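In the order they appear, the protein sequences are chains B, A, C and D. The first sequence maps to residues 2 to 278, 297 to 339, 343 to 507 in the deposited numbering. The second sequence maps to residues 1 to 33, 41 to 267, 279 to 294, 312 to 365, 370 to 514, 523 to 564 in the deposited numbering. The third sequence maps to residues 1 to 52, 67 to 258, 276 to 391 in the deposited numbering. The fourth sequence maps to residues 1 to 88, 94 to 212, 252 to 271, 280 to 298, 302 to 334, 343 to 356, 392 to 476, 489 to 527, 548 to 652, 672 to 710 in the deposited numbering. Ideal placement from N, C-alpha and C gives every residue a C-beta, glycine not left out.
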Amino acid sequence: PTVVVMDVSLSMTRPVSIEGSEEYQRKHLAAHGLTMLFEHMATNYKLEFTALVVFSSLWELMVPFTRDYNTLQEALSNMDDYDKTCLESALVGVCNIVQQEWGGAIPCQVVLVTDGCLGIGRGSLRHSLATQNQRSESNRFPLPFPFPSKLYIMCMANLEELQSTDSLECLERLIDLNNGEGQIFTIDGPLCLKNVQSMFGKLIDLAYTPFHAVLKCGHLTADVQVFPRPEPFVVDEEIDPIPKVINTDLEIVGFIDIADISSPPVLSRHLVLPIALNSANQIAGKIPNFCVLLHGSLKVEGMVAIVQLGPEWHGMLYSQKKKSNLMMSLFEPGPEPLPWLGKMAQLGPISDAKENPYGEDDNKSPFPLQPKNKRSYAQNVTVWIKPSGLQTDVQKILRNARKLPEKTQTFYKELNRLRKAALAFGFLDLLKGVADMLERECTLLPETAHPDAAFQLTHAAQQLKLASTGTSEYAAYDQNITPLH
Amino acid sequence: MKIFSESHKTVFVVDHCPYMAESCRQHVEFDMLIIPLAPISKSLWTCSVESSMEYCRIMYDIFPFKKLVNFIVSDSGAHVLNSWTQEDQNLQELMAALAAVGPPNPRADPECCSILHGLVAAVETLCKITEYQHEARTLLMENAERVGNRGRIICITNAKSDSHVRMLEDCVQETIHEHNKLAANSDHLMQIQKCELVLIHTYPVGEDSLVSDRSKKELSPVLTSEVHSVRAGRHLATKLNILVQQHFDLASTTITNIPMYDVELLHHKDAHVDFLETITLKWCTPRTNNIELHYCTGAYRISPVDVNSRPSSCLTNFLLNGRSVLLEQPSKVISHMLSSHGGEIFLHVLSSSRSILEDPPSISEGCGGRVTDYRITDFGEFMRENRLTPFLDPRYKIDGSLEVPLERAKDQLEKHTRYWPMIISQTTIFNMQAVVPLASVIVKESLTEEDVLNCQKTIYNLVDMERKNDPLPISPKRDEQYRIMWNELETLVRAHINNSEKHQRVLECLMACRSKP
Amino acid sequence: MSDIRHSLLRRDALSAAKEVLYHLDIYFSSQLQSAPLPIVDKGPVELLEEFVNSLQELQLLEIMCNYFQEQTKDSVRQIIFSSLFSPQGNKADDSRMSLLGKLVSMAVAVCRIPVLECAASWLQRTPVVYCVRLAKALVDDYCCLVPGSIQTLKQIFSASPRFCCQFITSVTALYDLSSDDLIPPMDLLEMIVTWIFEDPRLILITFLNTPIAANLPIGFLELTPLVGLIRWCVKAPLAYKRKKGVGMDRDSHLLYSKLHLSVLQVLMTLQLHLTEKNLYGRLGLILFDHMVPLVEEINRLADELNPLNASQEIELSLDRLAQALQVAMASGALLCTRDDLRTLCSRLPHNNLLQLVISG
Amino acid sequence: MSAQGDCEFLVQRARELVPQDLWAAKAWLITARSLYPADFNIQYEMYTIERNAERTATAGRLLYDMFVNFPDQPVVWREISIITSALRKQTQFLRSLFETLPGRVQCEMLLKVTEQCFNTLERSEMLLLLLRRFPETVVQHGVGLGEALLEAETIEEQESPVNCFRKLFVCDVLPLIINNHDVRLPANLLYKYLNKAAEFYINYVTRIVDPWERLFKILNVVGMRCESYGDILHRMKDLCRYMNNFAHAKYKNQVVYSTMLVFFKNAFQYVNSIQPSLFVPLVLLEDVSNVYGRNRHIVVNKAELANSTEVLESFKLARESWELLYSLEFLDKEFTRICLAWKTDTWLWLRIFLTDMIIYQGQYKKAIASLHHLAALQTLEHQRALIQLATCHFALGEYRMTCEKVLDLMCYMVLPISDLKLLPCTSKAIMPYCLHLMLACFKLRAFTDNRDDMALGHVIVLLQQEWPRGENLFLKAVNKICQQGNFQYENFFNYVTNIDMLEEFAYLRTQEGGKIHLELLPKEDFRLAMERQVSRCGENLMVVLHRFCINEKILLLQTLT
């Protein structure tokens with residue numbers, strides 16, 4: 002996603018006295034440069050969604066996100082000439098449209114084309130920067146994009162010397178509120194069309210070059226184009242600050258059943274498209308590839324293919343509207359990006375296993391791995407925060423006591439749990455009370471008069487009575503109460 | 001932040017003097033079903056201890072690793088109930104230790120001690136290094152300096168006046184300075200950088216709050232005083248719940264519309291960036324096998340706040356039974376999907392906005408898509424033959440070499456693909472069922488003697504078919528087909544000669560048995 | 001007295017001469033100590049005649079010279095020099111004049127200042143007959159015998175100015191320009207010209223040093239040689255014309288004019304000297320009796336020279352004589368009335384300057 | 001027979017012998033002199049021979065004989081005149102002859118020559134040799150010829166005090182009388198002498253070895269006889293605190312003469328500092352600094403003048419000297435007398451310094467009057495009075511005459527690019563002065579809570595200079611236009627060659643800026678002009694501002710606001 006925020010304010014209509022040729026307004030120079038950029042992105046970066054919001058007094062989006070670069074290439078030549086330069090409104094609008102269309106996680110490079118004539122006040126960049134930084138409030142500064150952005154500024158105003166007379170610090174600081182993810186670009190020289198061409202070439206090579214990679218599954222190999230370009234990732238800012246990238250050669254390191262992988266936490270979905278190095300279909304079409312085979316086999320079989328992106332990294336190479347392709351994810355860089363898979367460097371082929379863990383009939387599966395220490399909701403913790411929980415526990419212990427001596431083991435287990443929690447929390451008075459209710463239910467014993475049941479409840483009541491003293495008779499935590507024979 | 005954030009080190013303390021023995025005037029009504044007993048009120052110590060234990064349970068459920076926590080009951084003596092090792096920050100061990108401590112003594116010696124010993128131990132205990140801190144420090148040899156040991160100290164007590172509160176404020180600041188000075192000279196003790204201080208005070212309901220609430224006040228760049236005050240019972244538990252919610256950047260959830279009441283969960287905040312104080316996601320119908328591999332951008336653990344209540348119990352038992360649950364944020372858009380991966384209920388955060396990678400170029404028009412004889416099913420068998428499985432026993436390869444199993448997987452993949460023709464018409468040895476045992480056996484690292492017999496039988500039947508001139512698959524004279532198939536078999540076996548001497552044995556067996564003109 | 005003579009008879013001539021010189025020195029010193037005015041008796045004169067080859071004569075002259083240099087008292091040295099070289103009227107005089115001339119020449123050669131002073135004081139107190147002989151001998155042996163020897167006589171000007179003045183007076187008295195054989199040589203006149211031009215007082219020191227107590231005896235050397243220089247300038251063109276080299280004659284005429292100017296300057300300062308000495312109008316350094324012979328010489332030269340062919344020389348001589356007479360009358364050197372001047376030059380040839388001087 | 005014929009014959013005979021025999025000729029002349037000691041021809045001829053022979057010893061004695069015996073011979077005076085001319094190879098020969106004679110005779114002869122002279126000029130120099138050669142004659146004649154020099158200059162009525170008479174007096178006659186202690190002079194004579202000396206000194210410095257140093261030395265000598281340039285000012289101030297508080304003729308004479316001398320020295324130093332030609344001209348002006356908002395300090399850039407500190411100190415010292423001099427009634431009256439005695443016009447630099455003083459004093463009416471006086475007595491280089499009268503008008507709230515003078519100032523400006551400042555006469559400094567002044571005047575005019583709009587348009591045009599220092603000013607202007615609406619300016623699109631201005635004025639046409647009906651031309674055409682005006686961006690802002698100012702001389706009509 003790229004939003005080409007191009008200024009259209011009256012400041013950009015100033016003719017520049019270029020030597021030799023006729024007089025070109027800076028709007029025309031920006032049009033030529035952006036035309037080169039759009040042509041390159043439509044030839045070698047076709048899968049890229051781009052949009053062109055213009056800003057002045059008010060920002061308006063003439064073309065929403067689209068892959069149809071023939072639409073944008075004509076929008077650059079059918080432009081109005083609104084006046085008044087105001088940047089904060091432009092950035093707010095760009096944030097709004099990006100969050101409306103894509104969301105908050107997909108990056109959005111912002112090729113902004115200013116003029117080095119920020120403004121005069123009110124809506125000007127200087128007034129907003131000097132005030133809103135210490136003001137913020139509801140109208141917070143939009144420069145810190147709420148997503149992994151990258152602010153490029155084609156400040157096409159001669160060399161730095163021309164813009165340094167009045168204002169370049171405002172712009173280069175404006176970059177910095179984006180956490181430094183950006184770069185100021187200036188056209189060094191007498192604003193010749195060759196120089197603007199060179200500057201836009203610099204921008205193109207910096208940001209809009211595809212990430213070619215060689216996919217290798219053992220010995221079978223193919224050359225791919227991982228769109229979008231992979232964003233560098235940082236483990237932390239204290240123990241490892243240097244960002245890590247993905248290796249150029251993605252080495253496939255096995256295959257995992259799709260039901261085993263569940264839905265893994267990915268970093269960014271990435272398409273993989275084979276690249277040749297009606298000719299595209301008549302020459303490259305008839306040559307057997309690898310990516311086609313891998314995608315077809317994955318779709319038919321229904322599995323994934325782990326990929327060793329590099330030291331300590333890992334990915335996944337799965338298959339798929344009715345259309346399908348080979349989109350590859352990226353896991354969190356770390357030893358065990360998937361907790362239900364074990365430390366990913368501890369995965370080995372089924373051959374090295376004793377038996378076939380997946381089964382002769384393909385029924386068993388070692389995945390997923392149960393945790394070493396069981397959590398709370400699966401175990402039996404004893405919460406007594408609200409009175410409801412304690413009342414529920416005591417009601418359960420009373421009800422099962424009625425069913426004595428049928429469910430004697432369950433009753434004694436629950437009573438042992440209650441006692442353990444009692445000495446754990448020092449709720450000794452609670453234990454005395456529960457002994458009193460045990461005696462009470464003894465008094466309301468039914469006419470059945472089961473002999474063993476009476477003995478068990480009397481023994482339990484005596485046990486709670488002696489434990490309610492607090493002395494080291496049964497106060498030991500491991501001293502679980504045992505029913506009488 | 002990083003692994004060693006200010007939340008990495010929490011050292012609970014609890015008042016344990018005989019002042020912490022009376023009831024909290026919140027007698028409960030545990031008698032539902041003659042004349043019931045007098046209602047019983049939990050002691051202030053019981054309230055504080057149990058609420059702190061609930062704090063710890065939520066901590067453990069949400070952050071099973073990399074977040075340890077101590078427990079220092081402050082009595083006549085100063086006992087630390089568990090060390091920092093991960094094998095000691097377990098809930099039942101804490102329960103056992105507290106049970107061993109026992110209820111506070113009512114009439115032993117009331118004024119003989121105060122909680123200052125607990126605080127000074129907490130700073131003293133906070134000076135140590137976690138096992139993970141040790142690992143990081145040994146990892147960064149000559150660079151183990153940028154490892155912030157900042158922690159946090161939580162204290163519960165019944166202070167008689169604000170003067171005492173300021174008193175232990177000065178006491179903790181002084182002992183922080185002293186411990187920093189002591190650790191400056193020593194090597195096996197880090198220096199505290201930031202130690203956020205919380206001094207929750209509790210009193211029985213109906214009694215005046217002798218200490219008024221106070222805001223943050225940094226008595227040092229290595230301290231942050233945030234002493235609150237709240238009554239015992241449900242108020243104290245809610246205060247500690249708010250503390251855990253606002254300490255580790257937690258957030259709530261209110262999964263509702265459950266066919267059978280509402281349920282509430284705690285999970286890490288970052289799961290709510292999609293919407294951008313409890314969100315109200317609603318349950319949606321769980322389809323059996325509509326789609327399998329969703330697009331999940333975060334797998335955050337969850338922990339119920341009423342773990343043993345009816346709705347939480349029903350929902351979590353259903354989840355741990357295996358089936359997923361698809362929620363839906365409030370035309371509808373499918374969203375966060377619960378699931379149970381072995382007994383750790385995760386909350387996936389799906390993506391419902393337009394995918395920037397939509398309408399991909401058709402694979403029938405890209406390179407390599409205009410060929411319609413791909414070995415898709417044979418590659419499917421190849422895929423099912425290299426599937427992965429974990430290894431909890433690290434074996435030794437040759438001598439002191441504990442092999443990394445993924446290196447084994449990569450080497451096996453390289454072995455299996457030495458000769459893998461890419462389309463059906465390209466090859467003829469692999470399409471013939473006669474070579475199937477040899478095809479599936481020869482690529483292995485070490486063919487066994489039974490495999491030697493199988494491959495000898497396979498080449499024998501290949502020679503028999505050659506003699507009988509049976510019609511081989513078309514995949523150009525009858526003898527030419529046999530010639531090229533022998534050539535393909537020889538090319539395959541010659542490539543795996545270095546695998547083992549048995550491969551060389553079958554190689555010259557082929558050479559002797561081949562009908563080379 | 002005879003004991004000294006007897007003692008000297010046993011010694012050689014040089015040793016006897018030295019011993020008698022020492023004895024005479026002692027005797028004269030004792031006499032001067034006893035009485036202010038010693039008397040030169042015949043004893044020392046006889047001893048000097050009796051006791052005082068070429069080598070022997072040279073050694074004797076050298077011994078005389080070093081003895082005179084050794085003696086420091088002026089009076090004793092002068093008395094002994096006189097007793098050695100005073101006229102005696104005997105046949106031994108010629109030897110004594112010869113010895114005196116040789117001693118004077120050798121003293122000039124080696125700059126014997128005491129000997130030069132003794133000779134200078136000697137020339138004043140003897141008749142001019144021996145002074146002219148000594149002057150002729152010195153002029154000969156310092157100008158004609160050895161060319162380039164007159165420079166040795168020139169340095170005497172800074173050594174013994176009194177001796178130079180006495181020698182100038184002697185040569186002026188000797189060379190009266192009355193004959194061609196008396197024509198003075200070029201070197202002698204040149205040296206005299208440089209000597210007089212260097213110091214006009216070189217000829218006036220003799221007038222000043224000695225106390226003027228009596229008139230000089232007739233026939234002796236004049237106190238100041240101004241009369242001789244006046245005669246030389248007056249008779250110079252006449253004698254030269256009688257002798258008749277153009278360059279030599281021109282140089283001689285220029286030197287004579289220079290010495291005439293020097294004489295005029297000397298008379299001018301002598302006027303001031305006479306005013307200072309209170310001798311103005313009372314003492315006349317130019318005797319009137321010495322001008323008549325030179326006037327008659329000028330007249331006879333005019334008669335002999337045929338003035339019809341040598342008018343220029345006659346006119347210049349008359350002008351020089353008139354100028355000298357007028358300056359002498361104005362400066363007080365000559366003490367005579369204008370009547371005597373008119374009568375003396377009445378017979379002289381007519382001259383405008385002479386007539387103006389006579390008329391005043 | 002007469003004696004004259006004999007003397008002629010003697011001279012003729014000696015003359016004929018000169019080419020042949022000088023000694024014979026001298027011998028003839030010696031005899032001729034003795035015969036006739038009273039004959040001048042014989043003595044003169046042989047005197048001439050000695051001069052021809054260049055024998056000083058003989059000739060020197062001979063000149064005395066002729067002088068003491070035959071002083072009436074015209075040839076002697078003619079020869080003596082040549083010797084005096086040489087005194088004022095042959096020159097050295099005649100000079101050596103003069104030293105041979107005794108001093109008593111030499112001074113007597115010189116005094117005789119003094120009476121013989123006719124012209125006072127040659128007479129004064131002829132005797133001047135005698136005073137220096139014979140310093141003992143100062144008392145006899147030093148005062149007399151000084152007064153004679155005083156009247157000789159007076160009777161010729163020279164327009165300027167610079168002449169041979171004054172130069173002879175101050176350089177030569179003045180030092181010798183004052184230095185001599187034997188020659189005693191009255192105080193009034195001292196006063197007139199020092200007045201004349203000071204007049205000559207100031208004439209010389211304004212228009252020699254050291255005029256100012258000689259004047260200071262003469263002032264010190266006069267002060268001592270009656271008993280740095282900075283400490284003496286304080287010392288006279290202390291004497292004022294000790295004498296002026298309560302005939303005291305000496306005190307008054309000192310307090311006036313020393314004060315005026317030190318004042319004149321400081322004033323000349325200051326004038327030579329600023330505009331050195333009449334002594343890159345500087346002009347002490349009053350540049351309003353905050354146009355976007392008795393012991394004052396003169397702020398001056400060090401780049402244009404590296405000696406600012408010393409010249410500022412000189413101006414300061416002259417300031418208290420003037421203040422103290424006009425304070426005392428007696429001292430002020432005597433200054434007025436001495437100044438009216440001098441040329442009251444007081445040349446040029448005195449007027450310039452007095453104008454600067456009045457400007458710094460705070461009485462701008464007298465400043466304007468003195469500016470008129472200077473202009474009558476007279489940016490290029492001479493139009494300093496232009497800027498001076500401009501700031502003087504601006505001080506006294508004129509707001510019409512100041513704009514008139516500023517507009518007339520740039521009429522002579524040709525170049526393609548509050549606190550008392552100090553700027554040169556170059557365009558680079560004067561142009562910002564004029565622009566700031568006019569911006570201030572029109573800012574005061576427009577911001578009057580009235581319905582005027584031409585004033586607002588003009589303050590818009592002049593807000594361009596030194597962009598963007600008028601940011602708040604333009605913000606106020608646009609706010610005023612928004613509150614009022616219907617802004618009108620026919621010449622707007624002929625002067626506003628700025629892009630923030632144009633951009634804002636276009637935004638004023640849309641909804642968010644309010645539908646402000648902008649009448650900035652003399672609907673599509675309103676946008677059409679901007680499509681052309683923006684093409685003028687990048688031109689020399691000074692050039693377009695100057696063109697706007699010169700073209701619209703109706704500014705004065707608009708200055709009524």
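For a Cβ distance threshold of 9 Å, residue set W23 of chain D lies close to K289 (chain C), ordered along the chain. Apart from the 5 residues on each side of it in sequence, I457 (chain D) sits with its Cβ closer than 6 Å to the Cβ of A465 in its chain, given in chain order. Counting only the Cα atoms, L75 (chain C) lies some 42 Å from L310 (chain C). Sequence-distant Cβ neighbours of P101 (chain C) in its own chain, meaning closer than 8 Å and more than five residues away, are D107, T140, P141 and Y144. Distance from the CA atom of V291 (chain A) to the CA atom of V267 (chain B), rounded to whole angstroms, is 16 Å. The beta-carbon of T351 (chain A) is placed less than 8 Å from the nearest beta-carbon of chain B.
Nearest in C-alpha terms to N297 (chain B), of all of A:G382, A:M60, A:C406 and A:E555, is A:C406. Under the rule that a run must span 4 or more residues, the alpha helix (DSSP H) segments found entirely inside the region 185-258 of chain C read 200-212, 219-223 and 240-257. Rounded to the nearest whole angstrom, the CA to CA distance from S125 (chain B) to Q595 (chain D) is 21 Å.
For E252 (chain B), the enclosing beta strand (DSSP E) starts and ends at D250 to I253. Pairing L313 (chain B) with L272 (chain B) gives a Cβ-Cβ distance that is not under 8 Å. Within chain D, the residues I30, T31 and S34 have their CB atoms less than 8 Å from the CB of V358 (chain C), given in chain order.
Of the candidates A:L126, A:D177, A:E149 and A:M1, A:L126 places its Cα closest to the Cα of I161 (chain A). Around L632 (chain D), the beta-carbon contacts reaching into chain B at under 9 Å are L11, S12 and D84. In the DSSP annotation of this structure, the continuous segment of the beta strand (DSSP E) that includes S379 (chain A) starts and ends at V372 to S379.
Around the beta carbon of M20 (chain A), 16 or more other beta carbons sit within 10 angstroms, so the residue counts as buried. A distance below 8 Å between beta-carbons, with the five flanking residues on each side excluded, links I284 (chain D) to the following residues of its chain, in chain order: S313 and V317. Taking the Cα of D398 (chain A) as reference, the smallest distance to any Cα among B:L48, B:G34, B:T44 and B:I407 is reached at B:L48.
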